[PDB]
Ligand SMILES: [Cl-]
Ligand SMILES: [Cl-]
C-alpha cells in the first residue's frame, strides 16, 4: 500500500503493472476501499498500469474533518490524479465510483480512454427508480432496499443504523455479496471503521444519493454527467448480475444498447458488490477489452 | 444444427445476435464443437458465435474421403459459404489453428481477428514437436514424439488409433489437467463408435508438418505462417503451463514478434486448454472482441 499526500491529508492506493502501460484507475464506492479490487488487479496488471485509490475517509486513507459530500470526493480524487501525474486513463468503477467516473468524464472527456462499470448511480426521479425492477419475484427485495435507504436518509435513524450499529459495513455489504466472505477477506472492510466518528463518510454517501431531486446539486450534476455519457463515443463496458441491485438485467440491456460503443457483459448470479462474486470474470473481461482497444487504437543511447 | 455441405453435412452450434460480428470457433483432433460448449455462452453477448464440427467429427457427416488437411479446408470453406459468412473473428486450437492460418492466408480481408492457442506450426525437425528447453520437461517431450512417430508409421498408427482408440481414450485426457466428468467425456466418444469411424482421427497426425513431410501440407503451412507473421489484424494468443505444442517461452517470443498479438498466460494447462480454462478464455475473448469493436470507425463545399 502506497500513500499520496492530498489536500493536507493523504489517500492510500494500490498500484501494479508496468509504468509505461496505459493507466487504469479503479474506483470503489460505499463502504468499500481498494480492497474490493484485490482479486481483479492481478488479472489486469499484465496489460495496464493499475492504480486503485482509497477514497478520502475510506480504507487506509486519511480522515480529515470534512462532510464527505460527493463533491468532496470529487475534489480529493482530482487532487490524487494530479499528485500521481496521470494524464489519461481507463476507468473501472462500481457504486459511487461510477458517479465519480461519470462526473470526471463529463468535465474532461479527453482524459477517458474507456469506461468499465457496474451497479452504477443515476438520478432517480422517484423512489421506485431506486433498485428499479418490474420482475414480480424481486418486488419484496426492492421494497426492502427502498425502506432501509429511506431510513439511512432520515435524521436520527441513519445515525443509529450506520454510525452506532455500523449497519452499512456489517449488513449492507455482506447483503450485496452472494457468497460468504472468509473472515480474513472481511476484516479489511471493518478496520477503517472502528468508531461512530470514523463512520461519518459511510453515512454521508446514502444522503448524497440523487433521489427525487435531492440533494439538488448531486442530482443535477449526475443528470448532466448521464447526458454526457449518453452522447460519449469512448469505449464502454457494462457488467450485469442476476438480479443485481441498482441495475436490473432488463435495465442493463436497455441502458447499454442506448449508449454508443457500450458492450454488455453478463456475470450471472450477483447482487450489488459484483466484484466479490465475479473477480475473475471482471478481471479477464477488462484485460481482454484493454488489449483489444490498444491493438487497434494504441530505450537506447 | 446442420448444414448441407458438398453432398454431406456439417453439424454446428450457434448463439448470439444475427446482426452481431461473426466469430468462428475451430476445433481440431479428436474433438468437436463440444470443446467450446462452456466458452460459447461467454462470447454470445458480444458476437454471433458459430462453431462447426469438422467433416467426420462430432455430429457431422461421415463421407468416404481421406480426411487430409486439404479435405478439411474444402469442407470448412463450403460451410462458411453455406452459412453466408462474409467476414469473421476466428477462435482456434490444434488443427483449428492450421485451418485458421490457411484461411487468413488465402483471404486476408476475411479475418477480423484471431484468438488462438496450442497451435500447429511447420516443424523442421522432430525436436520442434513439443519443443521445450526446460530440463524437467525433456522426458515428457520425448514421450510425445515417440507416440506421434508411431501414429505416423503405416500399420502401427492403425492399430493404435483405429483399433485401440488411443487418440480419444488416452491422448485427449492426457492433454487435460482435470478429470472430465463421465457426462463431459461421453460426447467425445460418441462420434467414434467403430474403427472405420476413427479414420479422420488417424489422418490428422499423419498431416502434421514435421521434417518437411507431408510436403504439400508443409509448404501450405509455411506460407500460412509467413502470411500470419506479416498480418495486421488483432491477435490473441493463450498459453498454458507448460502447454504441449507451444511452450511459455516460445509463445512470449512468438507473440512479441507478430503485429498486434496480445498474450494471455493462463496457468496450469496442457494441449486442450479449453477444458481447464473455459471461463478465462471465454471472458478474455468476449472482452477483446468488445474492445476492437468499440474503436471501429465512427461541412463541405
Ligand atoms: Cl450509499
Ligand atoms: Cl493430430
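Numbering starts at 1 and runs along the chain as displayed.
Quick reminder: no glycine exception, Cβ is built from N, Cα and C everywhere.
As annotated by Swiss-Prot, domain 'AB hydrolase-1' applies to A:22-132, with the evidence given as sequence analysis.
Residue A:95 (active site, nucleophile) falls within a strand segment according to DSSP. If you look up Swiss-Prot, you'll see A:95 marked as active site, nucleophile, on the strength of sequence analysis.
In the three-state DSSP classification, residue A:119 (active site, proton donor) falls within a strand. All protein chains shown were included, and the count of other CB atoms within 10 Å of the CB of residue A:119 (active site, proton donor) stands at 26. The annotation active site, proton donor is assigned in Swiss-Prot to A:119 on the grounds of sequence analysis.
For residue A:272 (active site, proton acceptor), the Cβ neighbour count at a 10 Å cut-off comes to 24, with all displayed protein chains included. Residue A:272 (active site, proton acceptor) falls outside any helix or strand according to DSSP and counts as coil. The active site, proton acceptor feature in Swiss-Prot is assigned to A:272; the stated evidence is sequence analysis.
Among the features that the PDB entry reports, expression tag is placed at A:299-301.
Within 10 Å of the Cβ of residue A:95 (active site, nucleophile) there are 27 other Cβ atoms, across all protein chains. With 7 residues not built between them, residue A:298 and residue A:299 place their Cα atoms 19 angstrom from each other. The distance from the Cα of residue A:95 (active site, nucleophile) to the Cα of residue A:119 (active site, proton donor) comes to 6 Å.
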